[PDB]
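[1] before I ask anything, here's the sequence and the deposited coordinates:
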Amino acid sequence: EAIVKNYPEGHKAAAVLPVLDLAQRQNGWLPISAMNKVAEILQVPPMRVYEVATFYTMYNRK
Amino acid sequence: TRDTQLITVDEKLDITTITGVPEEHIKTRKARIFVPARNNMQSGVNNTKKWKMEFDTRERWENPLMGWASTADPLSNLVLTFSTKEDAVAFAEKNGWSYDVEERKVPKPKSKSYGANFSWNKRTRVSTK
Amino acid sequence: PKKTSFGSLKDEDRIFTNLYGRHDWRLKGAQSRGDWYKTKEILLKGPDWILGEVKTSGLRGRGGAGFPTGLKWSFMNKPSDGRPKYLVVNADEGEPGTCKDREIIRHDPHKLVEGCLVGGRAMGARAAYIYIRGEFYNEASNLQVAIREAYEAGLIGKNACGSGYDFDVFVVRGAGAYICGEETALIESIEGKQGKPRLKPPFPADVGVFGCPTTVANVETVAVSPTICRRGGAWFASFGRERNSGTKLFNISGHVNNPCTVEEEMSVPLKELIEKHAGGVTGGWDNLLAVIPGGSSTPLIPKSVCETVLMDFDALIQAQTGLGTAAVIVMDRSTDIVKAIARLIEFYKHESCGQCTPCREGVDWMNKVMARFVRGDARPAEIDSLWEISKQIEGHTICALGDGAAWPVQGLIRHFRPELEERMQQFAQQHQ
Ligand SMILES: Cc1cc2nc3c(=O)[nH]c(=O)nc-3n(C[C@H](O)[C@H](O)[C@H](O)COP(=O)(O)O)c2cc1C
Ligand code: SF4
């Protein structure tokens, strides 16, 4: 809730990288279910979360 | 300036009798004057420059021996190219053919702005690149 | 009158006085070292005055391009329409050989945070987003701690420094992509997308982060702004040659006795910089093979050129290279120069974003050819083929990374072609 309020209203998708990383810190890695959760919390299509996870190397998909 | 005697003929040009076309393929045929549509699989527009005149498709059946595609239409493969619509109608009228003319369909100009992909308060913003 | 030799900067003129973390980085240590002093007067002086001080200062970007900062920051000095205005501070230091921005963040955080406010006031910005790469976790935490102290002291936030100007400072962490150092790829990452650069136009000053006006300034370019305004542009412009003024942070790394980060005056001769601060090359200056003046993105130069070349934008351009990020990578005669540069091409193959054809397909192509030059499994006719391939990437790509992959190869072919052909001759003899 603090992360999503660092960005202008109407641009919640800007929080994908922080939240998707916060998911990994809690869980140690990012399963497909973790990505789908961040998609619905931020209300962005799940594919747009898959793109970020696969693009960046600090996200562990295994 | 031509030092040769000329005459005046007020009748429309009609060569149907001096072309050798059987009457079946003058009166019963429907020419189609059109600019070919762009092949949608490709982005090139170099086949949409000239007018074409095609005729009405007729029966194609199966050769009993080999299964090939037989035909009894001598005009099945006839395609003529014209620079302008008027040149196409002029050629069909003097040959006695009945024609339909379809007006050219040019794609209307559009407003392309690469910056609209990153709009602050509009839906044109793209979710990915 | 105008100087003729440069170097030997005095500690009385060093902007980053805590470059080694020998004093208190937290607040009340920065203030004791001249930070956050008389900031309200600078803000109340006016955006035009602040920009005028940076234009006269001759400061140029320390991110790798070296554009005149004063000219760039004036693009946001325009009437404000309905949209907000932001300042993005590029702390994504990822250029191989570059470590200067890491030290500013972890030891002088309050210089960066003050620079955000001064830079923002010049641009009329409402907030600053500091993009710092995700591997700098501890450094990012130090920056976050400093920002909290600034807010509690009234230095930033509502009525910053009592100036009546509102300014927020947000820290945003990257997720491990070197391409996100690019000014437009960095913006895309902040917007929560893949770090793929945009095309220009539109420029960030007209359409940027969230579609609003934006300026991307490197950590060093911003951290020096408050000092320039306090000490004026004349003091900063008095260093270095004309159009190359200022004090620059250098990162001497590789085959040297004392690899270190040090602040030194612009136009300092490269030989003096290596010997005086880094303790010379490993094995003696005569054991020097080549130097990469400004990180991997710049082409290398051989020993014959390092003896009389100054470290500034203009001096290194005449040498067929660039200043870049002022990171000096030294290679001695025991180095495998072909393998040293081949690994740099392999770096760019791994950091290419894949967006555009000449770098998605070309930099990978140059990688495979280079991996065969290391072993000599090629014929000499391929060297000219590799020269043309690089020229088809350079200037045909969306962003400058494609240029950064071509330049290392061009330098190798330019100054070390005999080593390439010798390697292939050896391989041919054995497998005859
Ligand atoms: C592939 C690539 C990586 C870059 N990485 C950085 C970086 O890590 N830090 C930085 O300040 N500029 C980096 N830049 C340069 C930026 O594009 C831009 O010049 C800089 O953010 C502007 O800051 P300046 O005003 O100090 O020059 C990079 C450019 C490219 C093409
Ligand atoms: S040059 Fe490479 S990194 Fe830059 S936009 Fe093109 S593909 Fe992406």
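    Perfect, I can see it now. Numbering: from 1, shown residues only, chains lettered A, B, ... in the order given. Ligands and ions are numbered 1, 2, ... in the order given.

[2] element containing residue 53, please.
    Defaulting to chain A. Assessed by DSSP states H and E, residue A:53 sits inside helix A:46-55.

[3] that answer is for a different chain, and I need it for chain C
    Here residue C:53 is assigned to helix C:47-56, by DSSP H and E.

[4] buried stuff in that helix?
    Neighbour counts using 16 or more other CB atoms under 10 Å in any protein chain shown place C:47, C:50, C:51, C:52, C:53, C:54, C:55, C:56 of helix C:47-56 among the buried residues. C-betas here are computed from N, CA, C, even on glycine.

[5] okay, those in JSON lines with distance to residue C:287 next?
    Formatted as JSON lines, these follow (distance: CB to CB, whole Å):
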{"residue": "C:47", "distance to residue C:287": "52"}
{"residue": "C:50", "distance to residue C:287": "48"}
{"residue": "C:51", "distance to residue C:287": "47"}
{"residue": "C:52", "distance to residue C:287": "48"}
{"residue": "C:53", "distance to residue C:287": "45"}
{"residue": "C:54", "distance to residue C:287": "42"}
{"residue": "C:55", "distance to residue C:287": "44"}
{"residue": "C:56", "distance to residue C:287": "43"}
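
[6] quick one on the thing from earlier: mind listing what's buried in the helix holding residue A:53?
    So, applying 16+ other CB under 10 Å, buried residues of helix A:46-55: A:48, A:49, A:51, A:52, A:53, A:55.

[7] quick one: distance of that helix to the chain centre.
    8 Å (CA atoms, centre = their mean, to the nearest Å).

[8] please name the residues that touch the closest residue to ligand 2 within chain B.
    Nearest residue of chain B to ligand 2: residue B:129, at 9.5 Å (CB to the nearest ligand atom). Residue B:129 is in contact with B:117, C:188, C:193, C:194, C:196, C:198, C:355, counting by CB atoms under 8 Å, 6 or more residues apart in numbering or on different chains.

[9] what about the fifth one, how many residues close to it?
    Neighbour count for residue C:196, taken as other CB atoms under 10 Å in any protein chain shown: 23.

[10] distance of it relative to chain A?
    When distance is defined by CB to the nearest CB, to the nearest Å, residue C:196 is 8 Å away from chain A.

[11] the last one too?
    Relative to chain A, residue C:355 is positioned 11 Å away (CB to the nearest CB).

[12] OK, contacts around that residue?
    When contacts are counted by CB under 8 Å, 6+ apart, residue C:355 touches B:129, C:196, C:197, C:398.

[13] could you redo the last one with a cut-off of 7 Å?
    With contact set as CB atoms under 7 Å, 6 or more residues apart in numbering or on different chains, residue C:355 has these partners: B:129, C:196, C:398.

[14] for the fifth one, same thing?
    Under the criterion of CB under 7 Å, 6+ apart, the contact partners of residue C:196 comprise B:129, C:185, C:188, C:353, C:355.

[15] what residue in chain B comes nearest to chain A?
    Chain B approaches chain A most closely through residue B:127 (5.3 Å), counting by CB to the nearest CB.

[16] name the nearest residue to that residue, ignoring sequence neighbours.
    Among residues not flanking residue B:127 along the chain, residue A:48 sits closest, at 5.3 Å (CB to CB, 6 or more residues apart in numbering or on different chains).

[17] if we can go back for a sec, same for the next helix or strand after the helix holding residue C:53, what does it pack against?
    Going down the chain from helix C:47-56, the next helix or strand is helix C:69-73, by DSSP H and E. Packing partners of helix C:69-73 (3 or more CB pairs under 7 Å, 6 or more residues apart in numbering or on different chains; DSSP states H and E): helix C:47-56.

[18] ok now the helix it packs on, how far from the chain's centre?
    22 Å.

[19] for it, name the packing helices and strands.
    If you count contacts as 3+ CB pairs under 7 Å, 6+ apart, helix C:47-56 packs onto helix C:69-73, helix C:109-123, helix C:225-237.

[20] a markdown table please, covering those helices and showing mean neighbour count.
    Formatted as a markdown table, those follow (neighbours: other CB atoms under 10 Å in any protein chain shown):
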| stretch | mean neighbour count |
| --- | --- |
| helix C:69-73 | 21 |
| helix C:109-123 | 28 |
| helix C:225-237 | 20 |
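
[21] in JSON lines, list the ones you listed along with distance to ligand 2.
    Output for these, formatted as JSON lines (distance: least, CB to the nearest ligand atom, whole Å):
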{"stretch": "helix C:69-73", "distance to ligand 2": "21"}
{"stretch": "helix C:109-123", "distance to ligand 2": "26"}
{"stretch": "helix C:225-237", "distance to ligand 2": "29"}
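
[22] residue C:11 is nearest to which of those helices?
    Minimum separation from residue C:11 across the helices and strands packed on helix C:47-56 (CB to CB) falls at helix C:225-237, 14.0 Å.

[23] contacts for the closest one next, please.
    Helix C:225-237 has contacts (CB under 7 Å, 6+ apart) with C:15, C:37-38, C:42, C:50, C:53-54, C:56-59, C:111, C:114-115, C:118-119, C:245-246.
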